[PDB]
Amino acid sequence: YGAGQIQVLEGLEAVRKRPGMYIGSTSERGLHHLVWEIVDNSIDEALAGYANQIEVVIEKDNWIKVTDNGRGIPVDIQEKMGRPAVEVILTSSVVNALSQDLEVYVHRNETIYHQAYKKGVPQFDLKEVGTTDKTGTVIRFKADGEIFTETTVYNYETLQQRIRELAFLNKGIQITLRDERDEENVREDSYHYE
């Protein structure tokens, strides 16, 4: 309960109290904005010269998974908070605050690190769960139905349109959209402009 952790909790309270001020609306438009908030991080990492693939998956029950092959959100214990950098970054994330559940897997230092959250609150300390020969960041989230009180169901065409545009605007980045909500009938569109 240091000043750092107190500020974190106040920040989550503030986002959840006035979500529309952060993401425009809590309508279907705001729901889809959650995806762009996450994907923008991957785009910046690609433009910085450290990533070139981004994958957005609509999973069963309208979870969203975003994966990039960037450097991975750092995990070193931070000066300000005395907590892993990734935890500080995600506990101040609007998407995390407005998600009933969110998971991160960081591939970095030939290690896979995992943390989970509910409404932005970490459920356990960042944990090493395995090894890897890749780098990057995986984020999985389920939008909070307490916040998004019109719908929590994503529109494939809405995601598709903007993903295609993002690939066209940010040449060289391979951006893939896949709908896995119905395991019997899976749709994928992959964009890569030169």
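Between two forms, the rigid core is defined as the largest C-alpha subset superposing within 1.5 Å. Throughout, we count residues from 1 along the sequence that is shown.
Chemist: Hey, after superposing on the core, which one moves around more in 8 other deposited structures of this protein, 74-82 or 89-97, CA-wise?
Modeler: Between 74-82 and 89-97, the one lying farther away in 8 other deposited structures of this protein is 74-82.
Chemist: Tell me which stretch, 89-97 or 71-79, has the higher mean Cα B-factor listed in the entry.
Modeler: If you average the C-alpha B-factors of 71-79 and of 89-97, the larger mean comes out for 71-79.
Chemist: Higher average CA B factor in the deposited record is what I'm after, so tell me if that's 169-177 or 5-13.
Modeler: Looking at the recorded C-alpha B-factors, 5-13 comes out higher on average.
Chemist: Relative to the other modelled residues in the chain, which third contains the C-alpha temperature factor of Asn109: lowest, middle or highest?
Modeler: Tercile = highest for this residue's CA B-factor.
Chemist: Name the third of the chain's ranked CA B-factors that contains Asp144, choosing lowest, middle or highest.
Modeler: Lowest third.
Chemist: With respect to C-alpha B-factor, does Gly120 fall in the lowest, middle or highest third of the chain as deposited?
Modeler: Bottom third by C-alpha B-factor.
Chemist: Would you please rank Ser42 by its C-alpha temperature factor against the other modelled residues of its chain and give the third it falls in: lowest, middle or highest?
Modeler: Tercile = lowest for this residue's CA B-factor.
Chemist: Just say lowest, middle or highest third for the CA B-factor of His32 relative to the other modelled residues in its chain.
Modeler: For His32, whose C-alpha B-factor we compare with every modelled residue in the chain, the answer is the lowest third.
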